[PDB]
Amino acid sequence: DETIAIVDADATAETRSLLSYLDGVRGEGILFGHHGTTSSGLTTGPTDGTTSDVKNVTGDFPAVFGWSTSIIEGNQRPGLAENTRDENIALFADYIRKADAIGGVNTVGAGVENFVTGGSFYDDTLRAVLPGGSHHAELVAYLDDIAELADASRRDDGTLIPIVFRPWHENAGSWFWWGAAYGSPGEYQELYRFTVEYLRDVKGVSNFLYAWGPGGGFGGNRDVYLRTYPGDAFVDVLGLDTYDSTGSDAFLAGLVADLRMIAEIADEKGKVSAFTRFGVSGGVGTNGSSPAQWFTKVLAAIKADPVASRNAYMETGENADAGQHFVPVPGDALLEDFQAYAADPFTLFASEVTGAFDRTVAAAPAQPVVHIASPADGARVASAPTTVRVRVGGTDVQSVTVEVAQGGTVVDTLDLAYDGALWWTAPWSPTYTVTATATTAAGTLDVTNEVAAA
């Protein structure tokens, strides 16, 4: 008789099971993950989603199979540039099915590449993809494709395969902070929240768990770590991304402090924490480094701490080529150490994953939430009128009013109108604090955004 807080209160049985399993493993063993593990290999030859350098070097597949949404764009195998998005999606789904059949857990991340030059969201492109933005439609279409992938990731018997989905994280560099998100955390929060709401509430995705990791190297400082946190109603798995090539005592101490911190925050929230990304900076190949016994040193530091060890998985990077790869292969100096890392009883691989999906676990009722999607907290409004959008979720809503104040004086009062799909809205012609008050079946909910007018 188990009940858990899960972002999608309507998630499938297997999905709720997975979230329970990931919490339960914390401190008992840590699942080893590898990105594109059956799609890019140095020892596999041509890939088909059934073989892996990890299997060849350790004797087992990883417990976690990582993938990028980049595959849909055909910018990452098994995605092909020459393909229709629909067939890149079918391939993606096929490899996810194969991983599930192997016994692994799937994670899918959406990086922030599209938010730069060559990217399709390219316009301060964070502002651009939010509701009302010049590129909002691109975002929505990108999400539609993700919803398509979600629905296609089904076992032969039709069962949806649960996926740990990590929307909008930075792929550079060694600490992986998304500069735009730190620069405007309110806008990051609205982007993440919309992403969750569009997929869950608008598209009906029911096989996602939602991951968020803001980077790494926080010195265990919680307020820095939480700067871009989307909120308890929006995140299932709390992450941490840290690459290092020194193997130093100092680095290890810093890593342990952060791992303790995320486990502590997870525990307090009744959530799951995971070491979402780890690896040798620059990889362990030609263009990388071979810090001595780096894998077993990292693992021993984690194991030695009863709180830092409370982390569900740790995923390392893609094995692209000799110059850039993150799992050692024959010829690499770190091969033996990685094998030892893999043989350690604390690290879990595919054949050690059991009871992940067949648990009986009910969802706690969704928590009522109110947030102002536009203008986002800390944003700057450009034109008048601008549209105020408020999302009230998880309860029935009778009305929403907005009070606009400046200094401490109310300057405007707005009665919002439900748009029939997602938001309560009203025009606003500025101008500094924007407070939404929703009258609902769960009581009166409010939230305040602080914004600037041009």
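The first residue of the sequence shown is number 1, and the count goes up from there.
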query	finding
Absent coordinates between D123 and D124 - deposited residues affected, binned into four classes	1 to 3
Stretch with the greater mean C-alpha B-factor as recorded in the entry, comparing 333 to 341 against 74 to 82	74 to 82
Mean C-alpha B-factor comparison - 88 to 96 and 214 to 222, higher one	88 to 96
Among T159, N207, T107, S374 - the residue whose C-alpha B-factor is largest in the record	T159
Candidate set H169, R154, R193, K269 [ranked by C-alpha B-factor, highest]	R154
Entry-reported Cα temperature factor of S134, expressed as the chain third it lands in	highest
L22 CA temperature factor, ranked by third within the chain	lowest
Assigned third (lowest, middle, highest) for the C-alpha B factor of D396	middle
Where the record places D232 (Cα B-factor, split into thirds across the chain)	middle
Modelled-residue ranking by C-alpha temperature factor, third containing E187	lowest
